[PDB]
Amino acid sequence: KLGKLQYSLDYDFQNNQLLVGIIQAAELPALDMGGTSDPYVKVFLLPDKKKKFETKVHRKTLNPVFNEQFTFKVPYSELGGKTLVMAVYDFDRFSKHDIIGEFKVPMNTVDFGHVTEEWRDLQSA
């Protein structure tokens, strides 16, 4: 229904940073004339809605490849109370951007001793 996102997670102890890798999306819904969308991904760690990143916009595709990694300065021991949000939006030059769908990861469930890379279905906000 809302597409899928492939991402990965890691933690860098040398800089005390969470690494969020945004790989690609697939089967995104079309939101623009011509049957396509202009997707990008907004990435942030709740409850800090202020520190925020966006991938580049990939215009007129429903299957964008991003290959962008973002870093969040957060102490390892405090990660547990955070929730990572990866939200795919349709870019618009002129107006407020419409959300397509999102995936959330409660950080207390992440095992940094094993692989984290995966495809996940986007959900409505």
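Sequential numbering from 1, following the sequence displayed.
**Q** Report the stretch with the higher mean CA temperature factor, choosing between 32-40 and 48-56 on the basis of the entry.
**A** Between 32-40 and 48-56, it is 48-56.
**Q** Output the stretch having the higher mean C-alpha B factor in the entry; the candidates are 70-78 and 84-92.
**A** Comparing 70-78 with 84-92, the higher average CA B-factor belongs to 70-78.
**Q** Hey, what third does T109 fall into on Cα B-factor, ranked over its chain?
**A** Its C-alpha B-factor, which the entry lists for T109, ranks in the highest third among residues of this chain.
**Q** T116: which third of its chain by C-alpha temperature factor?
**A** Its C-alpha B-factor belongs to the highest third of this chain's values.
**Q** Looking at the temperature factor on the CA atom of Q6, which third of the chain's modelled residues does it land in?
**A** For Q6, whose C-alpha B-factor we compare with every modelled residue in the chain, the answer is the lowest third.
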